[PDB]
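Visitor: Quick one: structure below, then a few questions.
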Amino acid sequence: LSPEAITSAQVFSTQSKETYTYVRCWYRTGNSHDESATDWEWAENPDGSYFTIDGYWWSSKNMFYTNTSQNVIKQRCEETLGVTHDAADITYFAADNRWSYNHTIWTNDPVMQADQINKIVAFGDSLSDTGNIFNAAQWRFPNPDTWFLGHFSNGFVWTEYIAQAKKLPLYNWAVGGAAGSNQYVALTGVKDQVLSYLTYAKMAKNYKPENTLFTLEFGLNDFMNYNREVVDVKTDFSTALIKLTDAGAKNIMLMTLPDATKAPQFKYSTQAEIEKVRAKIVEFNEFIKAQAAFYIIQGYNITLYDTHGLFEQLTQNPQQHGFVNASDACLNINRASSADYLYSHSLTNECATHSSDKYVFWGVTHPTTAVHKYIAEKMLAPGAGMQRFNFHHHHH
Ligand SMILES: [Cl-]
C-alpha cells in the first residue's frame with residue numbers, strides 16, 4: 001500500500017458518496033472482568049428506531065467516514081443497550097447487516113481546526129490490537145468467549161484507557177502477532193501498518209497529522225513468536241518512524257517492551273530460550289530509547305514510557321502494586337500452545353477466588369485488563385510526559 005498511489009480523482013470520487021450504514025453496539029454480558037463474553041444490538045435513535053450514520057466507505061478492511069461524532073455514537077449505544085452492570089465496556093462499529101464484520105467508524109475532522117490533539121492512532125502488536133487480527137480470523141481467534149472481543153485480554157487495552165481518559169477517538173492499526181496469528185495474515189512489519197494508515201488517512205477530510213497522537217509499541221510478538229533478530233526489528237521500527245515523521249507526525253508515544261519471559265508460557269520453556277528472548281528485549285529496548293532521544297533532538301513531541309521497568313516491578317512484587325499473583329495464568333491453561341487461543345477456557349479456582357483484577361496474566365501470555373489500566377494510569381500521571389501534548393479540556 002502507498003498513499004501516493006491514491007489520486008485526487010480517487011479522493012473526490014470516494015468522498016462524493018454519502019450513503020448510510022448502521023452501528024453495531026457490543027457490550028460485555030457478564031458483570032466483571034472475569035467474563036469476557038460479549039453480545040450486540042443495533043444502535044437505536046431515542047424512539048427505538050434503528051440509528052443510521054451518513055458517510056462514505058473506503059477500503060484498500062473497509063472503514064466508514066462520517067461527520068457524526070464518536071461521542072454521539074457512543075451515547076446512542078449506551079442509551080440503546082441500557083447496561084446497568086459493571087464493566088459494560090461498550091464498543092461499536094459500522095455494519096450494514098448481521099453478516100458484516102466489525103468496521104471502524106472514522107469521524108472526519110472539521111475545516112476549522114487549531115493545534116489540539118483530536119484522535120489517537122495506534123500501531124503495534126498483540127499488546128495493542130483491539131480487533132484487526134480478530135476480523136482477519138472471522139472472529140475465531142482469539143476465542144471471544146475467553147478473550148474480550150478481539151483484544152488479547154479480558155477487557156480494554158492500555159491505548160483504550162488512555163483514549164477514554166482524554167475523551168479521544170482511538171483508531172487502531174495494531175495487529176496481533178501472538179502464536180497462531182500466522183494462519184490468518186502473513187507477518188508484516190510495523191512499517192506496513194504506518195503505510196496502511198497513511199493510505200486510509202488520504203481519504204479522510206481536513207486531516208492534519210500534526211493533530212494526531214500516535215502510539216507505537218512493537219517487537220514483543222516478533223521476538224517471542226517469530227524469533228526475529230534484533231537488527232531486523234530495529235530496521236522495521238526505524239523505518240516506521242522515518243515514514244511517520246516524513247508524513248507530518250509530530251506527537252508520538254513510545255514504550256519499551258515488557259520482559260515477556262516472566263509470562264506463564266515460559267514455565268514450558270528452556271532456560272536457554274528464556275535467556276535468548278530476554279537478551280533481545282534488553283537490546284531492543286535500548287534502541288527504542290535511542291530513537292526517542294533522537295526524535296526529541298530533531299524537534300518532535302515524543303514521550304517514552306518505560307513499560308519494561310513497570311512490568312519488572314509488577315512481576316517482582318505484585319502485592320506492592322495491588323495484585324496478588326504475577327506468576328500464573330488466571331485461565332486454567334497448563335501449557336503453551338498456539339491452538340489454545342481457538343478454544344474457551346475457564347478461570348482457575350484461585351483466579352475466581354481472588355478475581356482477574358488481582359492477576360497480572362490472563363492466559364499464559366498477555367496481561368489482564370487491570371494491568372492495562374495500571375499502565376495507562378502511570379502514563380497519564382502528572383509529570384509522566386503527556387503534558388507536552390495539546391489536549392482539549394472537557395468540563396464534564
Ligand atoms: Cl493470554
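Ligands are numbered from 1 in the order shown, chains are lettered A, B, ... in the order of the C-alpha cells, and residues start at 1 in each chain.
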For the interface of region 138-213 of chain A with region 389-394 of chain A (cut-off 9 Å, counting only C-alpha atoms), please tabulate each contacting residue of region 138-213 of chain A alongside its nearest pair of atoms and their separation in Å to one decimal, rows sorted by chain and increasing number, as CSV.
Guide:
residue,atom,partner,partner_atom,distance
A:166,CA,A:391,CA,7.4
A:167,CA,A:394,CA,8.1
A:211,CA,A:390,CA,8.3
A:213,CA,A:389,CA,8.0
Visitor: Can you list, as number ranges by chain, every protein, DNA or RNA residue that comes within 12 Å of residue 138 (chain A) when you count only C-alpha atoms, leaving out same-chain residues fewer than 5 positions away?
Guide: A: 61, 99-102, 131-133, 143-144, 149-150, 183-185, 342
Visitor: Between A:332, A:128, A:32, A:193, which residue has the minimum interatomic distance to residue 376 (chain A), considering only C-alpha atoms?
Guide: A:128
Visitor: Give me the residues of chain A that have any atom at most 6 Å from an atom of ligand 1; for each, the nearest atom pair and the distance in Å, rounded to one decimal. Use only C-alpha atoms and all ligand atoms, sort by chain and number, and format it as a Markdown table.
Guide:
| residue | atom | partner | partner_atom_place_in_ligand_line | distance |
| --- | --- | --- | --- | --- |
| A:152 | CA | ligand 1 | 1 (Cl) | 6.0 |
| A:362 | CA | ligand 1 | 1 (Cl) | 5.2 |
| A:363 | CA | ligand 1 | 1 (Cl) | 3.4 |
| A:364 | CA | ligand 1 | 1 (Cl) | 5.0 |
| A:365 | CA | ligand 1 | 1 (Cl) | 4.3 |
| A:366 | CA | ligand 1 | 1 (Cl) | 4.0 |
Visitor: For N, CA and C atoms, I'd like the residues from the last selection saved as an mmCIF file, in the first residue's frame.
Guide:
data_model
loop_
_atom_site.group_PDB
_atom_site.id
_atom_site.type_symbol
_atom_site.label_atom_id
_atom_site.label_comp_id
_atom_site.auth_asym_id
_atom_site.auth_seq_id
_atom_site.Cartn_x
_atom_site.Cartn_y
_atom_site.Cartn_z
ATOM 1 N N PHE A 152 -6.471 -9.202 23.091
ATOM 2 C CA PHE A 152 -5.749 -10.284 23.765
ATOM 3 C C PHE A 152 -5.678 -10.014 25.267
ATOM 4 N N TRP A 362 -3.582 -12.990 32.092
ATOM 5 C CA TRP A 362 -4.926 -13.504 31.805
ATOM 6 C C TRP A 362 -4.786 -14.962 31.377
ATOM 7 N N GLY A 363 -4.275 -15.197 30.179
ATOM 8 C CA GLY A 363 -3.816 -16.513 29.786
ATOM 9 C C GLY A 363 -2.340 -16.673 30.085
ATOM 10 N N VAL A 364 -1.666 -17.464 29.248
ATOM 11 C CA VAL A 364 -0.261 -17.743 29.514
ATOM 12 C C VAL A 364 0.663 -16.673 28.958
ATOM 13 N N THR A 365 0.131 -15.685 28.227
ATOM 14 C CA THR A 365 0.951 -14.691 27.550
ATOM 15 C C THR A 365 0.646 -13.256 27.920
ATOM 16 N N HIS A 366 -0.623 -12.867 27.906
ATOM 17 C CA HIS A 366 -0.969 -11.454 27.884
ATOM 18 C C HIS A 366 -1.443 -10.937 29.233
#
Visitor: May I have all residues of region 181-284 of chain A that DSSP, computed from the backbone, assigns to strand (DSSP E), given as a list in words?
Guide: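 Matching residues, listed in order: residues 212, 213, 214, 215, 216, 251, 252, 253, 254 and 255 of chain A.
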Visitor: Using only C-alpha atoms, which residues sit within 9 Å of residue 309 (chain A) once same-chain residues fewer than 3 positions away are excluded, as a ChimeraX atom specification?
Guide: /A:256-259,306,312-314
Visitor: Find the residues near region 225-234 of chain A: any atom within 12 Å, counting only C-alpha atoms, skip ones fewer than 5 places away on the same chain, and give them as an NGL selection string.
Guide: :A and (125-126 or 176-182 or 186-191 or 217-220 or 239-241 or 260-261 or 265 or 273 or 276-291 or 336-338 or 365)
Visitor: Extract the full set of helix (DSSP H, G or I) residues from region 347-389 of chain A according to DSSP on the backbone, and format it as a JSON list (two decimals) with C-alpha atoms, in the first residue's frame.
Guide:
[["chain", "number", "residue", "atom", "x", "y", "z"],
["A", 349, "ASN", "CA", -10.33, -21.75, 41.23],
["A", 350, "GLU", "CA", -7.64, -19.41, 42.57],
["A", 351, "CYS", "CA", -8.27, -16.73, 39.98],
["A", 352, "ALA", "CA", -12.02, -16.93, 40.51],
["A", 353, "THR", "CA", -11.47, -16.53, 44.27],
["A", 354, "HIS", "CA", -9.16, -13.52, 44.01],
["A", 356, "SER", "CA", -8.91, -11.45, 37.48],
["A", 357, "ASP", "CA", -8.32, -7.85, 38.53],
["A", 358, "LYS", "CA", -5.76, -9.27, 41.00],
["A", 369, "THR", "CA", -7.12, -5.53, 31.66],
["A", 370, "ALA", "CA", -6.32, -4.44, 35.21],
["A", 371, "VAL", "CA", -2.65, -4.35, 34.17],
["A", 372, "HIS", "CA", -3.51, -2.42, 31.01],
["A", 373, "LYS", "CA", -5.37, 0.10, 33.15],
["A", 374, "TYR", "CA", -2.42, 0.31, 35.56],
["A", 375, "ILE", "CA", -0.08, 1.05, 32.66],
["A", 376, "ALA", "CA", -2.40, 3.72, 31.30],
["A", 377, "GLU", "CA", -2.73, 5.39, 34.71],
["A", 378, "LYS", "CA", 1.06, 5.53, 35.09],
["A", 379, "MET", "CA", 1.37, 7.08, 31.63],
["A", 380, "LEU", "CA", -1.38, 9.62, 32.40],
["A", 386, "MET", "CA", 1.75, 13.63, 28.42],
["A", 387, "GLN", "CA", 1.61, 17.29, 29.48],
["A", 388, "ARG", "CA", 3.63, 18.06, 26.33]]
Visitor: How close does region 151-256 of chain A get to region 73-92 of chain A? List, as JSON lines, each residue of region 151-256 of chain A within 12 Å, its nearest atom pair and the distance in Å to one decimal, counting only C-alpha atoms.
Guide:
{"residue": "A:151", "atom": "CA", "partner": "A:91", "partner_atom": "CA", "distance": 11.7}
{"residue": "A:154", "atom": "CA", "partner": "A:89", "partner_atom": "CA", "distance": 10.6}
{"residue": "A:155", "atom": "CA", "partner": "A:89", "partner_atom": "CA", "distance": 7.4}
{"residue": "A:156", "atom": "CA", "partner": "A:89", "partner_atom": "CA", "distance": 7.6}
{"residue": "A:157", "atom": "CA", "partner": "A:89", "partner_atom": "CA", "distance": 11.2}
{"residue": "A:160", "atom": "CA", "partner": "A:91", "partner_atom": "CA", "distance": 10.3}
{"residue": "A:161", "atom": "CA", "partner": "A:89", "partner_atom": "CA", "distance": 10.8}
{"residue": "A:164", "atom": "CA", "partner": "A:89", "partner_atom": "CA", "distance": 10.9}
{"residue": "A:167", "atom": "CA", "partner": "A:74", "partner_atom": "CA", "distance": 11.4}
{"residue": "A:168", "atom": "CA", "partner": "A:74", "partner_atom": "CA", "distance": 11.8}
{"residue": "A:169", "atom": "CA", "partner": "A:74", "partner_atom": "CA", "distance": 10.6}
{"residue": "A:170", "atom": "CA", "partner": "A:91", "partner_atom": "CA", "distance": 11.1}
Visitor: Take CA of residue 252 (chain A) and CA of residue 368 (chain A) and report the distance between them in Å, one decimal.
Guide: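 CA of residue 368 (chain A) lies 24.8 Å from CA of residue 252 (chain A).
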